[PDB]
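Just below is one structure, and these are the notes that go with it.
A, B, ... follow the sequence lines: proteins, then strands. Residue 1 opens every chain. Keep in mind that the numbers below use all heavy atoms, side chains included, and drop hydrogens, waters and symmetry copies.
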Amino acid sequence: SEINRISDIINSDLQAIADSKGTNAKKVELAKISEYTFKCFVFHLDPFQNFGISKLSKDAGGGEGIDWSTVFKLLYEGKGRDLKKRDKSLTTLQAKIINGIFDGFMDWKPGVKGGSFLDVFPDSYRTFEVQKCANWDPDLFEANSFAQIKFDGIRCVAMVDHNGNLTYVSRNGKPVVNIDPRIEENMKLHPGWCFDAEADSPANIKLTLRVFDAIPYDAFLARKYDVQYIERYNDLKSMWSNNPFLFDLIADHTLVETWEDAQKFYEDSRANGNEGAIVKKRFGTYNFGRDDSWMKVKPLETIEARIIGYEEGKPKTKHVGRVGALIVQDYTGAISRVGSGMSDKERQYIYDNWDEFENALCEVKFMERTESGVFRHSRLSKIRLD
DNA sequence: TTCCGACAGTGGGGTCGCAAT
DNA sequence: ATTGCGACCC
DNA sequence: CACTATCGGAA
Ligand SMILES: *P(=O)(O)OC[C@H]1O[C@@H](n2cnc3c(N)ncnc32)[C@H](O)[C@@H]1O
């Protein structure tokens, strides 16, 4: 049984990367990993893999051992539940490595994830990247940009390959279902194109799309396309001009000469009941990442709340022994959890001097209230007040 | 010397499908 | 059948 | 969807 030789090289590789300090030194050690350590990293990082479980039983393993090929086979097929039923026939080191596949090797903390792994080992697994927006900042505004409604719903990319076959995928490449069938029927007439849109109810009932970008299928897969925004927009309008059904799906935009015009558009959009606005530079290219070619304008409320509780950092995290999240209440009676906005030192102070905070007032920033009345996207702005 | 892009590591509110009751 | 938790939305 | 923290090259 070659099991214990493989569990040792895996445990040795993870410890070697964790002991390396700095990003550069961690990547040169990542290049030296074995076949088996490579496979476990792929199993944890692959965004299109699932296992059905997040941890084995606390019965752990305890001697014996299972063939590493059998383990990798069970993980690849998504049979995590079957693996857990046989978990005590694993060795303890095996169960520690497998639990590390699920939670990210927290026992070792090597400090390398998808960014470092794909840099050292390109194309080890498939990823999905779309254009994302940076935060609104007038200092970065480019003159004569275009303002657009930030539509409600979910991000949805529609890709029509060269055979005319279409798939709807989400922001992270997962399938999207129940789109109006007229939409697929008409888009199949434009093979070799990907359309960036938002899916939402026209108001179960089938969703419709608001399309705001279009990229050729090959350029989309290559993650490279140098046509600027306004030309990309006009190209979409012309290729759909003869199809009125598709043409009406195109989202409108408004020229904003100055950043104060963009702010005015955002306020008009808020007055009409929309979430906010997106500002798009007329010279910006689709970059398949996050940059200021797109910038989002979203509301942000500020309120004073009373700390009424706390929760320690979850097991094996860097926040063990200090505050992971605060429990706050405001004047409406709503109770919301705040998990970010505090420095590491502030998390430790509150944990120790809990008398200073048990019912004191703090300042919380959030986007809006949910339908239940609690905060959406809450964050702490001030631990104490002056 | 500092600024910042890239990256790793935390956390929240909500919906839905399916395995295990 | 319901319950819960994995897996994904924002 | 958020914020903090750290490396290490750009500024
Ligand atoms: P987040 O608050 O970071 O905002 C980005 C997402 O907003 C959605 N969205 C709505 N409307 C648009 C337009 N017109 N253009 C681009 N993105 C839009 C997307 O789903 C983004 O992921």
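We find that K281(A) and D292(A) are joined by a salt bridge, their nearest charged nitrogen and carboxylate oxygen being less than 4.0 Å apart.
Taking side-chain N and O atoms only, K314(A) has no distance below 4.0 Å to OP1 or OP2 of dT10(B). Taking side-chain N and O atoms only, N50(A) has a distance below 4.0 Å to OP1 or OP2 of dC8(C). The phosphate of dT10(B) (OP1 or OP2) has no side-chain N or O of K318(A) nearer than 4.0 angstrom. For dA7(C), the OP1/OP2 oxygens have no side-chain nitrogen or oxygen of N172(A) closer than 4.0 Å. Contact between the side-chain N/O atoms of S116(A) and the OP1/OP2 oxygens of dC7(B) is not found at any separation under 4.0 Å. A sub-4.0 Å separation between OP1 or OP2 of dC1(D) and a side-chain N or O of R171(A) is present. Contact annotation: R376(A) side-chain N/O to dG13(B) OP1/OP2 distance is not under 4.0 Å. Put simply, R337(A) has a side-chain N or O that comes within less than 4.0 Å of OP1 or OP2 on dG12(B). Not one side-chain nitrogen or oxygen of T317(A) sits closer than 4.0 Å to the OP1 or OP2 atom of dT10(B). OP1 or OP2 of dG13(B) has not a single side-chain nitrogen or oxygen of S336(A) nearer than 4.0 Å.
For the 3.5 Å distance criterion, the side chains of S145(A) and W259(A) fail to qualify, holding no donor opposite an acceptor. Side-chain polar atoms of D19(A) and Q15(A) form a donor-acceptor pair below 3.5 angstrom. Using a 3.5 Å distance cut-off with no hydrogens or angles, the side chains of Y125(A) and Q49(A) do not pair a donor with an acceptor. Under the 3.5 Å distance criterion, with hydrogens and angles disregarded, no donor-acceptor pair is assigned to the side chains of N4(A) and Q94(A). A donor and an acceptor atom, one from each side chain of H319(A) and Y351(A), are nowhere located under 3.5 Å apart. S293(A) and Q131(A) share a side-chain donor-acceptor pair at under 3.5 Å.
Mapping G111(A) and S372(A) onto DNA chain B by nearest heavy atom places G111(A) closer to the 5' end of the strand. Where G114(A) and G313(A) each meet DNA chain B at their nearest nucleotide, the meeting point lying more 5' is that of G114(A).
Taking every side-chain heavy atom of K150(A) into account, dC1(D) is the closest of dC1(D), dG13(B), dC7(B). The listed nucleotides are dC9(C), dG14(B), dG8(D); the one nearest the side chain of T23(A) is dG8(D). Comparing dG8(D), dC1(D), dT4(D) against the side chain of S343(A) picks out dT4(D) as the nearest. Taking every side-chain heavy atom of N24(A) into account, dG8(D) is the closest of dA5(D), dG14(B), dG8(D). Here the nucleotide nearest the side chain of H377(A), chosen from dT10(B), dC3(D), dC1(D), is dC1(D). In the set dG14(B), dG9(B), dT10(B), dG9(B) carries the atom at the smallest distance from any side-chain atom of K113(A). Considering only side-chain atoms of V374(A), the nucleotide from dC10(C), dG9(B), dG14(B) that sits closest is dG14(B). The nucleotide whose nearest atom lies closest to any side-chain atom of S340(A) is, among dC3(D), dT10(B), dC10(C), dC3(D). Side chain of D344(A), nearest nucleotide from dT4(D), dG14(B), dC10(C): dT4(D).
When rounded to the nearest whole Å, the span between CG of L30(A) and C1' of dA8(B) equals 14 Å. Counting to the nearest Å, the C1' atom of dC10(C) and the CG atom of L207(A) are 15 Å from each other. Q49(A) has its CD atom 16 Å from the P atom of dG6(C), to the nearest Å. Across the protein-nucleic acid pair, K21(A) atom NZ and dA5(D) atom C1' stand 15 Å apart, rounded to whole Å. Atom CG in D119(A) sits roughly 18 Å away from atom P in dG5(B) (whole-Å rounding). Between the NZ atom of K316(A) and the P atom of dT10(B) there is a distance of 12 Å, given to the nearest Å. Computed from coordinates, the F375(A) CZ to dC3(D) P distance equals 15 Å when rounded to whole Å. Atom CG in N178(A) sits roughly 12 Å away from atom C1' in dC16(B) (whole-Å rounding).
For DNA chain B, none of the residues of residues 280-298 of chain A falls under the heavy-atom distance limit of 4.0 Å.
For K314(A), there are no salt bridge (charged side-chain N to carboxylate O under 4.0 Å, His left out) partners, not counting sequence neighbours.
The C1'-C2'-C3'-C4' torsion of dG8(D) is negative, which assigns its sugar to the south, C2'-endo side. Residue note: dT10(B) shows a north-type sugar, the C1'-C2'-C3'-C4' torsion being above zero.
Between the side chain of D13(A) and the main chain of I10(A), no donor-acceptor pair closer than 3.5 Å is present.
Below 30°, between 30° and 60°, or above 60°: for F357(A) and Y349(A) the angle between ring planes is above 60°, a perpendicular geometry.
Across all strands shown, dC7(B) has no partner, as no Watson-Crick or G-U wobble contact with both distances under 3.5 Å is found.
Among the heavy atoms of the strands, none lies under 4.0 Å from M367(A). As judged by a 4.0 angstrom heavy-atom cut-off over every strand, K109(A) is placed among residues touching the sugar-phosphate backbone only.
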